[PDB]
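A short write-up of the structure that comes next.
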Amino acid sequence: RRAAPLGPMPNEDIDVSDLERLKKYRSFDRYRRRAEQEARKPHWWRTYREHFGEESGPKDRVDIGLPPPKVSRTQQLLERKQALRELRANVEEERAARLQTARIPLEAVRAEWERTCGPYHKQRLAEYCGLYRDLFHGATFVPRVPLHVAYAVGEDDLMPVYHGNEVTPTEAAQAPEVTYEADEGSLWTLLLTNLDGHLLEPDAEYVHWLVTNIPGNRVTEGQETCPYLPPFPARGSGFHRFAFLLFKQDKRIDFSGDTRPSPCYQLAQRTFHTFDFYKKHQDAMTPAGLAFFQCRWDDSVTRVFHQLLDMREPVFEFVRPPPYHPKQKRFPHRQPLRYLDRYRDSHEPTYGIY
Amino acid sequence: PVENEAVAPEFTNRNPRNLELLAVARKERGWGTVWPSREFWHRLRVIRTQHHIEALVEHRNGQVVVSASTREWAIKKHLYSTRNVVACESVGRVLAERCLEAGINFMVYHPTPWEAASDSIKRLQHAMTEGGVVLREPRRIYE
Amino acid sequence: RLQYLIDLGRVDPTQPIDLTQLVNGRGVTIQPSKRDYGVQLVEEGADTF
Amino acid sequence: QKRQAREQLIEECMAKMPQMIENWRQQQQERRXXXXXXXXXXXX
Amino acid sequence: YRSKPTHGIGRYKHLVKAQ
Amino acid sequence: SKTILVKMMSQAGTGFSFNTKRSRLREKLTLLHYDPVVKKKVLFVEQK
Amino acid sequence: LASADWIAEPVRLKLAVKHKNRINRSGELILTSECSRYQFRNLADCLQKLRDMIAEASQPXXXXXXXXXXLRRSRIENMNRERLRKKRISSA
Amino acid sequence: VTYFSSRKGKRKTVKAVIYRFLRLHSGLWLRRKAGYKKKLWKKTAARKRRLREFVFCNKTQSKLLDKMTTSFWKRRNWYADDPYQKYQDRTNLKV
Amino acid sequence: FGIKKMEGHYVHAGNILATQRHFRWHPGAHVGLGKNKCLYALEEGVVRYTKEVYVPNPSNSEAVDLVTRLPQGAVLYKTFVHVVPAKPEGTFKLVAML
RNA sequence: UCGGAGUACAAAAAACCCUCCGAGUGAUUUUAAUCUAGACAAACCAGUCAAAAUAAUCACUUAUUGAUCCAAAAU
Ligand SMILES: [Mg+2]
Ligand SMILES: [Mg+2]
Ligand SMILES: [Mg+2]
Ligand SMILES: [Mg+2]
Ligand SMILES: [Mg+2]
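Going down the list, the sequences are from chains A, B, C, D, E, F, G, H and I. The numbers in my numbering rise by one with no breaks, and the one at position 88 of the first sequence is 88. One rule links them: number in my numbering = place in the second sequence (from 1) + 354. One rule links them: number in my numbering = place in the third sequence (from 1) + 497. One rule links them: number in my numbering = place in the fourth sequence (from 1) + 546. One rule links them: number in my numbering = place in the fifth sequence (from 1) + 590. One rule links them: number in my numbering = place in the sixth sequence (from 1) + 609. One rule links them: number in my numbering = place in the seventh sequence (from 1) + 657. One rule links them: number in my numbering = place in the eighth sequence (from 1) + 749. One rule links them: number in my numbering = place in the ninth sequence (from 1) + 844.
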């Protein structure tokens with residue numbers, strides 16, 4: 001009983017008649033490539049992708065963006081072309097190349113990456129750690145604006161927040177320094193959200209520090225709704241993730257329901273859903289910049305719960321399911337003696353009536 | 355007591371990056387008919403075109419995490435002759451700093467026998483070594 | 498079992514206790530012919546005692 | 547006495563580990579090059 | 591597997607003739 | 610040709626391995642093997 | 658820990674050092690044993706974890722040897738967050 | 750089997766059962782795995798493991814064995830030091 | 845020889861999926877290979893079968909040379925077995941509140 | 001007695017004084033370890049895989065082999 005192929009059958013296209021006249025890949029490599037090409041299309045038969053959770057596959061992106069920066073095509077193409085003509089033309093450069101000594105001014109690279117497709121790397125990095133899942137839930141924004149966060153670790157020291165990097169609450173005890181650039185017609189609201197680590201409510205998060213109505217680059221001038229509360233992970237569960245977000249507001253918004261007490265160390269007082277808070281102010285607030293860090297329990301955190309929240313310190317563990325053993329048999333056949341100790345309740349001789 | 359004092363027994367850690375850092379997570383053991391070993395959390399994927407060197411960092415979801423490409427105007431404009439050994443080293447350091455920026459210290463590299471011997475890749479590997487990035491992903495915990 | 502036997506006053510703690518007494522309370526059974534060299538002690542009621 | 551005799555057997559024969567292993571490694575390494583130079587002298 | 595729409599997926603040797 | 614059985618002796622103690630040697634003797638018998646008592650890699654020598 | 662006289666002050670303060678994880682907000686040092694169904698062996702277990710802690714802390718000769726097998730990740734992530742911590746601008 | 754002795758009228762036991770088996774009190778019969786002293790060098794380490802084991806006998810074998818065995822080997826036993834005393838009872842068996 | 849487990853069968857770690865004389869089914873994701881060319885479960889879960897691309901190890905010559913002579917449009921495919929892991933890796937529990 | 005193909009066309013199994021091929025071992029070096037989840041197979045006996053835990057290849061590769069007892073050996 002033969003069936004009929006549904007759509008294309010993979011190799012059918014090439015002619016078996018006259019194999020000698022067909023070109024080959026003599027290279028393991030070429031093959032590898034063409035192979036992975038075929039690994040990336042939607043085949044009509046059960047495939048790895050299908051079962052292994054490509055995570056929803058195609059998604060129609062709900063996009064709340066800062067609309068794309070508008071520049072002209074042919075202009076930049078020409079300018080670039082010329083810059084290259086200049087560069088290559090240089091003989092000093094080619095001498096530097098043949099003899100294999102050259103270096104790249106990594107800082108300038110940081111600047112230009114920051115300038116062109118860097119905001120996209122940001123995007124897919126946030127998408128990597130699931131920022132969109134837990135915050136805006138359906139949606140994708142592009143970090144048009146660079147957001148630079150940091151902590152002074154000493155008089156001379158600064159530990160910055162890149163997206164994704166790991167930071168200690170030793171450095172998270174103090175308010176962060178923030179740099180981004182705009183003129184002042186600007187109205188801003190910047191948010192620090194703790195995506196996971198909420199004790200009672202799996203679907204909810206903690207806002208440590210939240211600012212509102214920030215003119216231009218002015219940091220302290222912004223009216224703070226939520227004063228700064230240091231990151232407080234749990235001893236057991238390692239590596240919470242903390243997010244710095246930037247919204248552009250058009251008209252100054254004032255919300256007293258969002259406003260919190262000034263000391264505010266009580267944990268029920270910070271209970272938060274970026275979803276709902278943004279549903280509120282959506283028409284005014286447009287998502288802009290992104291930088292976030294990974295943080296796990298550290299000693300200083302012990303000071304928090306005792307000193308700050310009048311709380312006991314939760315400690316957690318990691319529990320892997322007890323191993324699977326088959327229904328015990330009355331007569332284990334052909335089994336190692338130690339089979340018996342598999343089903344052992346606990347280890348102790350138990351003399352029932354003796 | 356305190357109204358905040360409630361915790362609940364079992365904690366939800368929703369962040370995917372977690373376990374892979376804790377090393378407790380699942381790798382993909384397997385294949386071993388085929389190549390390369392798809393066992394890893396993170397992999398170094400270097401694609402050398404006749405024109406441009408593109409070195410990537412991969413997740414087994416097939417999604418590339420952090421990438422350094424020569425077609426990117428940033429490196430393209432700073433130095434000369436895209437195909438050169440100089441350029442492979444370049445893209446290497448770039449991806450290295452970009453790695454610590456991402457924060458990932460660990461990815462595995464599987465060169466090809468004839469590739470592993472070549473220079474461009476030797477000094478690629480040095481760019482990553484001196485970047486502070488480790489190849490050879492740390493082993494699993496209770497694998 | 499020992500706590501039991503003192504509790505129901507089979508073997509009384511007052512006078513000394515050796516094997517013989519444990520026997521007479523029918524609390525234990527020894528078959529010497531079967532290579533039984535006596536009674537031995539275990540910890541089962543440790544906290545009970 | 548049996549215990550101390552065995553343990554002294556172990557001290558004595560552990561002190562002699564590196565010498566024996568390096569001797570036979572150098573020896574077999576001499577035999578491989580002796581057979582490679584005998585085959586390269588017999589093929590010419 | 592003969593009865594499937596996919597039978598012959600792995601089939602190759604018509605592709606390289608080394609005889 | 611033939612198949613010989615030889616008893617290989619450890620350096621340290623009474624630990625023994627037991628294995629076959631070829632009658633033509635292409636590679637004569639000395640090994641680097643596992644000894645149980647001191648938990649070590651040693652040279653096992655060919656014996657009877 | 659602070660109210661216990663039967664250990665000297667060097668021993669009393671050095672126990673708050675290594676064991677600071679199990680200590681409580683009220684100053685109490687908590688020791689736990691599980692295994693034996695008879696609580697006597699659990700008493701002995703705990704009193705022995707105690708004797709151990711006081712023995713090791715009352716040894717100034719304790720060097721606290723650190724294994725590189727479980728901590729290689731911690732050292733390497735320490736240094737790799739140290740290259741970025743290394744950026745120097747005076748802040749606040 | 751001798752179901753009735755000559756002189757005692759009793760039921761005799763086979764000795765060659767006893768020399769090679771062991772009865773727990775649960776009824777599980779325990780045995781060596783055959784050929785474990787046999788041609789070692791010729792065998793893979795894996796096999797060697799599988800042989801050096803002690804193993805259990807299926808119901809058929811057990812019943813059979815019981816028939817060739819009198820009461821006296823079915824009695825309860827407390828040996829000092831007994832390696833196997835740990836094993837004699839059944840735990841958690843739900844049938 | 846033959847295929848011991850089927851699509852959609854639930855498995856535990858170590859159960860054998862298939863056994864073969866020549867490679868017919870290759871191990872896919874989460875399926876460990878024995879030296880007798882057996883396929884067994886490395887992780888508890890569901891068994892999935894799938895046809896996928898064949899990209900041989902360069903250490904294997906014959907394989908390599910099979911790749912070498914192929915026409916430039918076409919790719920080799922083989923059948924695989926995998927396990928979709930069911931039980932999560934682990935869980936976080938509250939041990940003590942100090 | 002053991003193994004490959006057909007007989008047995010697609011999971012398994014399957015006889016014949018059925019059809020055809022083989023085995024009673026070579027060749028090496030890299031001496032291929034302890035300990036244990038879960039399995040295959042199976043009347044029994046034997047046979048096979050094998051994660052975590054501690055420190056063998058090539059010859060179609062599949063076959064290269066015998067249980068108790070009894071003897072000789074030492075650990
Ligand atoms: Mg009795
Ligand atoms: Mg012989
Ligand atoms: Mg057939
Ligand atoms: Mg079966
Ligand atoms: Mg292993």
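Virtual Cβ for every residue (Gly too), placed ideally from N, Cα, C.
- Within the DSSP secondary-structure output, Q249 (chain A) pairs in a beta bridge with A:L187.
- Closer than 7 angstroms to the CB of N901 (chain I) there is at least one CB belonging to chain B.
- The C-alpha of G386 (chain B) lies about 7 angstroms from the C-alpha of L877 (chain I).
- Looking at the DSSP output, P336 (chain A) sits in a beta bridge with H:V804.
- Contact with chain G is absent for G446 (chain B), since none of that chain's Cβ atoms lies less than 7 angstroms from the residue's Cβ.
- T840 (chain H) belongs to the set of residues whose beta carbon lies under 7 angstroms from a beta carbon in chain A.
- Contacts with chain G at 7 angstroms (Cβ-Cβ) do not include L210 (chain A).
- At a C-beta separation below 7 angstroms, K607 (chain E) has these neighbours in chain A: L19.
- For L502 (chain C), the uninterrupted alpha helix (DSSP H) segment begins and ends at 499-504.
- If you compare the alpha carbons of A:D258, A:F232, A:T212, A:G118 with that of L199 (chain A), the shortest gap goes to A:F232.
- With a contact defined as Cβ atoms closer than 8 angstroms, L519 (chain C) and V536 (chain C) qualify at about 6 angstroms.
- For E540 (chain C), not one C-beta of chain A is nearer than 7 angstroms to its own C-beta.
- Taking a C-beta distance under 7 angstroms as the contact criterion, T179 (chain A) and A243 (chain A) do not qualify as a contact pair.
- For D544 (chain C), the C-beta contacts it makes with chain G under 8 angstroms involve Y695, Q696, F697, in order along the chain.
- Where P169 (chain A) is concerned, the enclosing alpha helix (DSSP H) starts and stops at 169-172.
- Close partners of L373 (chain B) in chain I (Cβ separation under 9 angstroms): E933, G934.
- When only Cα atoms are considered, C226 (chain A) and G457 (chain B) end up about 28 angstroms apart.
- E364 (chain B) has a beta carbon lying within less than 7 angstroms of a beta carbon in chain I.
- Neighbourhood of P10 (chain A) in chain E, by CB distance below 7 angstroms: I599, in chain order.
- Three or more pairs of CB atoms, one per stretch, sit closer than 8 angstroms, so the stretch 16-25 of chain A contacts the stretch 908-917 of chain I.
- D644 (chain F): member of the beta strand (DSSP E) spanning 639-644, first to last residue.
- Identification of residues in the stretch 673-685 of chain G having a C-beta nearer than 8 angstroms to some C-beta of chain I yields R679, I680, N681, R682, given in sequence order.
- Per the DSSP secondary-structure output, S423 (chain B) pairs in a beta bridge with B:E408.
- Taking 7 angstroms as the cut-off, the Cβ atoms of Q294 (chain A) and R235 (chain A) do not count as close.
- By the Cβ criterion, the stretch 475-487 of chain B is not in contact with the stretch 132-143 of chain A, since fewer than three pairs of Cβ atoms, one from each stretch, lie closer than 8 angstroms.
- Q512 (chain C) has no beta-bridge partner at all, per DSSP.
- Legend: CB atoms of the stretch 306-337 of chain A lying less than 7 angstroms from CB atoms of chain H belong to residues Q328, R330, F331, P332, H333, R334, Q335, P336, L337.
- Comparing alpha carbon positions, the residue from A:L309, A:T189, A:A102 closest to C264 (chain A) is A:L309.
- Of the other Cβ atoms in all chains shown, 16 or more fall within 10 Å of the Cβ of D644 (chain F); this residue is therefore buried.
- In this structure, the beta-carbon distance from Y602 (chain E) to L920 (chain I) falls below 7 angstroms.
- Ranked by how close their Cα comes to the Cα of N438 (chain B), the residues A:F52, A:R88, A:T74 have A:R88 in first place.
- The criterion of a C-beta distance shorter than 7 angstroms is not satisfied by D203 (chain A) and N369 (chain B).
- Beta-bridge partners of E364 (chain B) (DSSP): I:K937.
- Between the stretch 804-812 of chain H and the stretch 768-786 of chain H there are three or more C-beta pairs closer than 8 angstroms, enough to call the two in contact.
- When the five nearest sequence neighbours on each side are left out, the beta carbons in the same chain lying within less than 8 angstroms of the beta carbon of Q810 (chain H) are those of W778, in order along the chain.
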